[PDB]
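Visitor: Sending over final.cif (mmCIF, C-alpha atoms).
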```cif
data_work
loop_
_atom_site.group_PDB
_atom_site.id
_atom_site.type_symbol
_atom_site.label_atom_id
_atom_site.label_comp_id
_atom_site.auth_asym_id
_atom_site.auth_seq_id
_atom_site.Cartn_x
_atom_site.Cartn_y
_atom_site.Cartn_z
ATOM 1 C CA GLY E 1 0.000 0.000 0.000
ATOM 2 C CA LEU E 2 1.477 3.320 -1.113
ATOM 3 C CA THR E 3 -0.381 5.182 1.632
ATOM 4 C CA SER E 4 -0.647 3.815 5.166
ATOM 5 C CA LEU E 5 -3.808 5.801 5.952
ATOM 6 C CA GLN E 6 -5.938 4.346 3.159
ATOM 7 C CA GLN E 7 -4.969 0.827 4.210
ATOM 8 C CA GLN E 8 -5.488 1.657 7.885
ATOM 9 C CA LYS E 9 -8.856 3.290 7.237
ATOM 10 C CA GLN E 10 -10.084 0.157 5.486
ATOM 11 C CA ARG E 11 -8.997 -1.896 8.483
ATOM 12 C CA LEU E 12 -11.191 0.305 10.669
ATOM 13 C CA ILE E 13 -14.298 -0.113 8.523
ATOM 14 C CA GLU E 14 -14.122 -3.856 8.040
ATOM 15 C CA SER E 15 -13.703 -4.239 11.783
ATOM 16 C CA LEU E 16 -16.555 -1.864 12.660
ATOM 17 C CA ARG E 17 -18.974 -3.325 10.133
ATOM 18 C CA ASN E 18 -18.044 -6.818 11.172
ATOM 19 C CA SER E 19 -18.574 -5.892 14.813
ATOM 20 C CA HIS E 20 -22.000 -4.511 14.024
ATOM 21 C CA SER E 21 -24.233 -6.577 11.740
ATOM 22 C CA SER E 22 -27.078 -4.056 12.029
ATOM 23 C CA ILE E 23 -24.704 -1.265 10.952
ATOM 24 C CA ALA E 24 -25.820 0.105 7.591
ATOM 25 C CA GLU E 25 -23.640 1.865 5.049
ATOM 26 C CA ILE E 26 -25.068 5.186 3.891
ATOM 27 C CA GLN E 27 -22.015 6.419 2.092
ATOM 28 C CA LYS E 28 -19.326 4.069 0.837
ATOM 29 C CA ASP E 29 -16.445 4.275 3.334
ATOM 30 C CA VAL E 30 -17.802 7.708 4.338
ATOM 31 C CA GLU E 31 -21.026 7.314 6.352
ATOM 32 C CA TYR E 32 -22.142 4.532 8.712
ATOM 33 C CA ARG E 33 -25.447 4.335 10.607
ATOM 34 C CA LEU E 34 -26.293 1.960 13.437
ATOM 35 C CA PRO E 35 -29.874 1.792 14.866
ATOM 36 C CA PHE E 36 -30.220 1.237 18.611
ATOM 37 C CA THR E 37 -33.312 0.319 20.617
ATOM 38 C CA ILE E 38 -33.643 0.904 24.353
ATOM 39 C CA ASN E 39 -36.706 1.046 26.603
ATOM 40 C CA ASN E 40 -38.799 0.696 23.443
ATOM 41 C CA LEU E 41 -37.015 3.806 22.170
ATOM 42 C CA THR E 42 -35.441 3.775 18.742
ATOM 43 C CA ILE E 43 -32.462 5.967 18.011
ATOM 44 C CA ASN E 44 -29.894 6.027 15.268
ATOM 45 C CA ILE E 45 -26.203 6.584 15.531
ATOM 46 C CA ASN E 46 -24.758 8.393 12.526
ATOM 47 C CA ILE E 47 -21.085 8.120 11.776
ATOM 48 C CA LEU E 48 -18.958 10.260 9.460
ATOM 49 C CA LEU E 49 -15.542 9.351 8.068
ATOM 50 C CA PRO E 50 -13.736 12.512 6.811
ATOM 51 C CA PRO E 51 -10.834 12.363 4.293
ATOM 52 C CA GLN E 52 -8.434 12.852 7.177
ATOM 53 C CA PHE E 53 -10.016 9.924 9.020
ATOM 54 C CA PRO E 54 -8.794 7.974 10.908
ATOM 55 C CA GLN E 55 -6.029 10.544 11.503
ATOM 56 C CA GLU E 56 -8.904 12.792 12.510
ATOM 57 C CA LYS E 57 -11.924 12.304 14.725
ATOM 58 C CA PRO E 58 -15.289 11.320 13.165
ATOM 59 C CA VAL E 59 -18.483 13.328 13.283
ATOM 60 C CA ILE E 60 -21.208 11.547 15.230
ATOM 61 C CA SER E 61 -24.755 12.813 15.683
ATOM 62 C CA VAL E 62 -27.909 11.382 17.253
ATOM 63 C CA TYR E 63 -31.500 11.867 16.153
ATOM 64 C CA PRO E 64 -33.836 12.510 17.722
ATOM 65 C CA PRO E 65 -31.859 14.533 20.316
ATOM 66 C CA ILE E 66 -31.628 12.959 23.746
ATOM 67 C CA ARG E 67 -30.716 14.078 27.259
ATOM 68 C CA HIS E 68 -27.535 12.298 28.314
ATOM 69 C CA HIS E 69 -24.308 13.116 30.133
ATOM 70 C CA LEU E 70 -22.515 12.274 26.865
ATOM 71 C CA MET E 71 -24.824 14.558 24.864
ATOM 72 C CA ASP E 72 -23.475 17.977 23.901
ATOM 73 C CA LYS E 73 -25.108 21.127 25.270
ATOM 74 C CA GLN E 74 -27.089 21.368 22.040
ATOM 75 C CA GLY E 75 -28.294 17.831 22.689
ATOM 76 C CA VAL E 76 -27.857 17.130 18.978
ATOM 77 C CA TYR E 77 -24.119 16.636 18.584
ATOM 78 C CA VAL E 78 -22.265 13.878 20.416
ATOM 79 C CA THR E 79 -19.148 14.770 22.401
ATOM 80 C CA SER E 80 -17.923 12.073 24.766
ATOM 81 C CA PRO E 81 -14.501 10.930 26.136
ATOM 82 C CA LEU E 82 -14.903 7.669 24.219
ATOM 83 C CA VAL E 83 -14.979 9.711 21.021
ATOM 84 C CA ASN E 84 -12.251 12.023 22.312
ATOM 85 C CA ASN E 85 -9.863 9.096 22.785
ATOM 86 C CA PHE E 86 -10.474 8.122 19.155
ATOM 87 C CA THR E 87 -7.240 7.080 17.497
ATOM 88 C CA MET E 88 -5.797 4.658 14.940
ATOM 89 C CA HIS E 89 -4.908 2.341 17.810
ATOM 90 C CA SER E 90 -8.552 2.356 18.931
ATOM 91 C CA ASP E 91 -11.342 0.246 17.466
ATOM 92 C CA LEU E 92 -14.037 2.552 16.140
ATOM 93 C CA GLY E 93 -16.541 -0.275 16.558
ATOM 94 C CA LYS E 94 -15.684 -0.419 20.235
ATOM 95 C CA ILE E 95 -16.473 3.287 20.539
ATOM 96 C CA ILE E 96 -19.925 2.747 19.052
ATOM 97 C CA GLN E 97 -20.549 -0.128 21.449
ATOM 98 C CA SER E 98 -19.679 2.154 24.343
ATOM 99 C CA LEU E 99 -22.088 4.880 23.188
ATOM 100 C CA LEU E 100 -25.179 2.660 23.270
ATOM 101 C CA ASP E 101 -23.919 0.780 26.296
ATOM 102 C CA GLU E 102 -23.966 4.039 28.217
ATOM 103 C CA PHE E 103 -27.605 4.434 27.199
ATOM 104 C CA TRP E 104 -28.373 0.949 28.511
ATOM 105 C CA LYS E 105 -27.301 2.104 31.943
ATOM 106 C CA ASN E 106 -29.701 5.022 31.691
ATOM 107 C CA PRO E 107 -32.297 5.173 28.818
ATOM 108 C CA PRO E 108 -32.304 8.513 26.873
ATOM 109 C CA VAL E 109 -34.957 11.203 27.141
ATOM 110 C CA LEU E 110 -36.172 13.399 24.307
ATOM 111 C CA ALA E 111 -34.610 16.802 24.893
ATOM 112 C CA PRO E 112 -35.801 20.195 23.496
ATOM 113 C CA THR E 113 -34.740 20.899 19.914
ATOM 114 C CA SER E 114 -35.519 22.990 16.837
ATOM 115 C CA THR E 115 -38.717 22.174 14.950
ATOM 116 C CA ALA E 116 -36.689 21.766 11.759
ATOM 117 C CA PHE E 117 -33.175 22.004 10.364
ATOM 118 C CA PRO E 118 -31.900 25.397 9.034
ATOM 119 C CA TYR E 119 -31.763 24.084 5.447
ATOM 120 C CA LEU E 120 -34.022 21.012 5.791
ATOM 121 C CA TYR E 121 -33.624 19.546 2.296
ATOM 122 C CA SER E 122 -34.226 15.809 1.942
ATOM 123 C CA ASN E 123 -36.374 13.866 -0.521
ATOM 124 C CA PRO E 124 -37.246 10.124 -0.864
ATOM 125 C CA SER E 125 -34.626 7.958 -2.572
ATOM 126 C CA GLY E 126 -37.376 6.704 -4.879
ATOM 127 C CA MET E 127 -37.663 3.309 -6.567
ATOM 128 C CA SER E 128 -34.442 3.931 -8.488
#
```
Have the structure of the file written as structure tokens, please.
Guide:
Amino acid sequence: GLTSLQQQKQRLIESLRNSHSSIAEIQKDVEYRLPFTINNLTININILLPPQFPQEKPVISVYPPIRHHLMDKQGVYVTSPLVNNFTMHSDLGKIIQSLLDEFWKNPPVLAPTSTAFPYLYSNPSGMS
């Protein structure tokens, strides 16, 4: 491999996907989404893999917003130590496991949020 990062990044994805069967790929090698159910509550963990990744931290968001000690002040963006410790020597899949595991300890609660996104622009994928 000419570049270590591209080979390393692939190692991260195959491990994460393998760890999580439910995990669904939204964007090839760029966006991963894992659904999590707790207390009859369904949430979805969104994962972003920037070009810099894994040399850079990923962007993780939760919808709908929940009230947790790992939830940012906005209650929309995720900012936890698990994520902070993110590094090439750390298994991204493990981080995801930790996020929902924390919820298991204490189920999430819908927190106040905006009625809609600033540029809410999303349409159905359609049949094809």
Visitor: Would you mind reading off the distance between CA of residue 98 (chain E) and CA of residue 28 (chain E), one decimal, in Å?
Guide: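 Taking CA of residue 98 (chain E) as the start and CA of residue 28 (chain E) as the end point, the length is 23.6 Å.
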Visitor: So, counting only C-alpha atoms, which residue among E:65, E:54, E:92, E:101 is closest to residue 7 (chain E)?
Guide: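 Answer, going by the shortest atom-to-atom distance: E:54.
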Visitor: Near residue 56 (chain E), counting only C-alpha atoms, which residues have an atom at most 10 Å away, once you skip same-chain residues fewer than 6 positions from it, shown as a PyMOL selection string?
Guide: chain E and resi 49-50+86-88
Visitor: I need the residue set behind the PyMOL selection byres ((chain E and resi 70) around 10) for this file; please write it as a short mmCIF file (atom, residue, chain, number, x, y, z; two decimals) with C-alpha atoms, in the coordinates of the input.
Guide:
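Output file out16.cif is given in full below:
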```
data_model
loop_
_atom_site.label_atom_id
_atom_site.label_comp_id
_atom_site.auth_asym_id
_atom_site.auth_seq_id
_atom_site.Cartn_x
_atom_site.Cartn_y
_atom_site.Cartn_z
CA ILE E 66 -31.63 12.96 23.75
CA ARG E 67 -30.72 14.08 27.26
CA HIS E 68 -27.54 12.30 28.31
CA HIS E 69 -24.31 13.12 30.13
CA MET E 71 -24.82 14.56 24.86
CA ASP E 72 -23.48 17.98 23.90
CA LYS E 73 -25.11 21.13 25.27
CA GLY E 75 -28.29 17.83 22.69
CA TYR E 77 -24.12 16.64 18.58
CA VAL E 78 -22.26 13.88 20.42
CA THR E 79 -19.15 14.77 22.40
CA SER E 80 -17.92 12.07 24.77
CA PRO E 81 -14.50 10.93 26.14
CA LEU E 82 -14.90 7.67 24.22
CA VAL E 83 -14.98 9.71 21.02
CA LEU E 99 -22.09 4.88 23.19
CA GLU E 102 -23.97 4.04 28.22
CA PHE E 103 -27.60 4.43 27.20
#
```
Visitor: Residues within 10 Å of residue 85 (chain E), please, as a ChimeraX atom specification. Count only C-alpha atoms; anything in the same chain fewer than 5 positions from it doesn't count.
Guide: /E:57,80,90,95
Visitor: Keeping only C-alpha atoms, write the selected residues to a file as a tab-separated table (two decimals), in the frame of the given file.
Guide:
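File again-v8.tsv, as written:
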```
chain	number	residue	atom	x	y	z
E	57	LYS	CA	-11.92	12.30	14.72
E	80	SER	CA	-17.92	12.07	24.77
E	90	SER	CA	-8.55	2.36	18.93
E	95	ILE	CA	-16.47	3.29	20.54
```
Visitor: Rounded to one decimal, what separation in Å do you get between CA of residue 3 (chain E) and CA of residue 19 (chain E)?
Guide: 25.0 Å
Visitor: When you count only C-alpha atoms, which of these residues is closest to residue 105 (chain E): E:38, E:2, E:47, E:59?
Guide: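 Closest to residue 105 (chain E) of all the choices is E:38.
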Visitor: Report the distance between CA of residue 48 (chain E) and CA of residue 32 (chain E) in Å, rounded to one decimal place.
Guide: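 A separation of 6.6 Å between them.
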Visitor: Using the chain letters and numbers from this file, what does the PyMOL selection byres ((chain E and resi 11) around 12) select? Give the answer as an MDAnalysis selection string.
Guide: chainID E and resid 4:10 12:18 29 53:54 88:93
Visitor: Convert the output of the PyMOL selection byres ((chain E and resi 64) around 12) on the shown file into explicit residues, formatted as a list in words.
Guide: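 Against this file, the PyMOL selection byres ((chain E and resi 64) around 12) returns the residues residues 35, 36, 41, 42, 43, 44, 45, 46, 61, 62, 63, 65, 66, 67, 71, 74, 75, 76, 77, 78, 108, 109, 110, 111, 112, 113, 114, 115 and 116 of chain E.
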Visitor: Need a file for region 57-102 of chain E from that block: C-alpha atoms, written as an mmCIF file, in the first residue's frame.
Guide:
```
data_model
loop_
_atom_site.group_PDB
_atom_site.id
_atom_site.type_symbol
_atom_site.label_atom_id
_atom_site.label_comp_id
_atom_site.auth_asym_id
_atom_site.auth_seq_id
_atom_site.Cartn_x
_atom_site.Cartn_y
_atom_site.Cartn_z
ATOM 1 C CA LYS E 57 -11.924 12.304 14.725
ATOM 2 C CA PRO E 58 -15.289 11.320 13.165
ATOM 3 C CA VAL E 59 -18.483 13.328 13.283
ATOM 4 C CA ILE E 60 -21.208 11.547 15.230
ATOM 5 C CA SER E 61 -24.755 12.813 15.683
ATOM 6 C CA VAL E 62 -27.909 11.382 17.253
ATOM 7 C CA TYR E 63 -31.500 11.867 16.153
ATOM 8 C CA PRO E 64 -33.836 12.510 17.722
ATOM 9 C CA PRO E 65 -31.859 14.533 20.316
ATOM 10 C CA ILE E 66 -31.628 12.959 23.746
ATOM 11 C CA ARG E 67 -30.716 14.078 27.259
ATOM 12 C CA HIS E 68 -27.535 12.298 28.314
ATOM 13 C CA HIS E 69 -24.308 13.116 30.133
ATOM 14 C CA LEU E 70 -22.515 12.274 26.865
ATOM 15 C CA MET E 71 -24.824 14.558 24.864
ATOM 16 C CA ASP E 72 -23.475 17.977 23.901
ATOM 17 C CA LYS E 73 -25.108 21.127 25.270
ATOM 18 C CA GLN E 74 -27.089 21.368 22.040
ATOM 19 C CA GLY E 75 -28.294 17.831 22.689
ATOM 20 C CA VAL E 76 -27.857 17.130 18.978
ATOM 21 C CA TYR E 77 -24.119 16.636 18.584
ATOM 22 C CA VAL E 78 -22.265 13.878 20.416
ATOM 23 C CA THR E 79 -19.148 14.770 22.401
ATOM 24 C CA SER E 80 -17.923 12.073 24.766
ATOM 25 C CA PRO E 81 -14.501 10.930 26.136
ATOM 26 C CA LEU E 82 -14.903 7.669 24.219
ATOM 27 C CA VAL E 83 -14.979 9.711 21.021
ATOM 28 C CA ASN E 84 -12.251 12.023 22.312
ATOM 29 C CA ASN E 85 -9.863 9.096 22.785
ATOM 30 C CA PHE E 86 -10.474 8.122 19.155
ATOM 31 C CA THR E 87 -7.240 7.080 17.497
ATOM 32 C CA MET E 88 -5.797 4.658 14.940
ATOM 33 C CA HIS E 89 -4.908 2.341 17.810
ATOM 34 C CA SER E 90 -8.552 2.356 18.931
ATOM 35 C CA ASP E 91 -11.342 0.246 17.466
ATOM 36 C CA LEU E 92 -14.037 2.552 16.140
ATOM 37 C CA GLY E 93 -16.541 -0.275 16.558
ATOM 38 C CA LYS E 94 -15.684 -0.419 20.235
ATOM 39 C CA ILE E 95 -16.473 3.287 20.539
ATOM 40 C CA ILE E 96 -19.925 2.747 19.052
ATOM 41 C CA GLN E 97 -20.549 -0.128 21.449
ATOM 42 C CA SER E 98 -19.679 2.154 24.343
ATOM 43 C CA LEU E 99 -22.088 4.880 23.188
ATOM 44 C CA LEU E 100 -25.179 2.660 23.270
ATOM 45 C CA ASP E 101 -23.919 0.780 26.296
ATOM 46 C CA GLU E 102 -23.966 4.039 28.217
#
```
